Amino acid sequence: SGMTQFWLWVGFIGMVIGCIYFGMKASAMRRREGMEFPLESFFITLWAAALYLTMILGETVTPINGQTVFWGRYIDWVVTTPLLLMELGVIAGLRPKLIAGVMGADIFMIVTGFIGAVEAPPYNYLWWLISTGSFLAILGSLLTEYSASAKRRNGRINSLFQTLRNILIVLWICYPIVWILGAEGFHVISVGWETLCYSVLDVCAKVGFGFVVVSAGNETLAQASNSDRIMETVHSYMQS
C-alpha cells in the first residue's frame, strides 16, 4: 500500500540521480572515445526513471485477471537490459553478431516474463520456466563467449569486464526469485517487499553498474570502444 509507493519513489530518485551523473559525464566527453558508455548509462537510467514515474502515477499499473500487474517494469526491462548486455559486450570485445544474439535472447526473456506476469496460476509458472530457460542461455554466454573474448584484451579491460560481469550475474539472478516469491508467483512476500527488492536491484543494476563503468577512466573506456582493439579481439577469439 504505502510501502509500494515509497519504494517506487526510492527507485525513481535513484534513477534520476544516475541520470544527472551519467548525463553530465556523457556530455563532457561528446568528442572523445569511450563516450558511448556514459551515454548508454544515461539512457538506461533515463528510460528506467520515466517508467518508474509511470508506475508512481499508476499509468502502467493495471489489474488484469485479479492481480495488480506492474507491466511498466517490462516496458523498462525490454529496453534497458538489452542495452546493458550490449554495453558489456563492447567492453568484452565480443563480435557484434554474437552481441545481437544475446540481446535477442534478452528480449525473449523479458517478453515471456511479461506473459507470465499477465497469466493464470497454472500458466504463469510455465512462462516463468521458458523465460528462465533463455536466462540460462544468457548466463552461459556471459561465462563463455563474453569471458573468452575479454580474456584476449589488455589486463585492465578484462579486469573491468569481470567486475561488471560478476555484478550483473549476482544482481540479475535475484530478479526471477523476486518474481516467483511475489504476486506473479507464490504470494509469499508482500507487494511492498517485492517493490523494495526490485528497486534495490534496479538501482544497483543500473546506477551502481554504470558507476563502475565510468569510474574506469577515460583511457580505459576509449580502449574498450576502440575499433582496432575490438577487431583484434574478435579475430583472436575466432582462432581457437
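Residue positions are given as counts along the sequence shown, with the first one as 1.
Higher mean CA B-factor, judged across 145-153 and 75-83 from the recorded values: 145-153. Mean C-alpha B-factor is higher over 61-69 than over the other stretch, the pair under comparison being 190-198 and 61-69. Highest CA B-factor among the listed residues (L88, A120, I110, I130): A120. In the deposited entry, the Cα temperature factor of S215 sits in the top third of values across the chain's modelled residues. When the modelled residues of the chain are ordered by C-alpha B-factor, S27 sits in the highest third. In this PDB entry, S134 carries a Cα temperature factor that places it within the middle third of its chain's modelled residues. Compared with the other modelled residues of the chain, the Cα B-factor recorded for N158 ranks in the highest third. Sorting the modelled residues of the chain by their CA temperature factor places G185 in the middle third.
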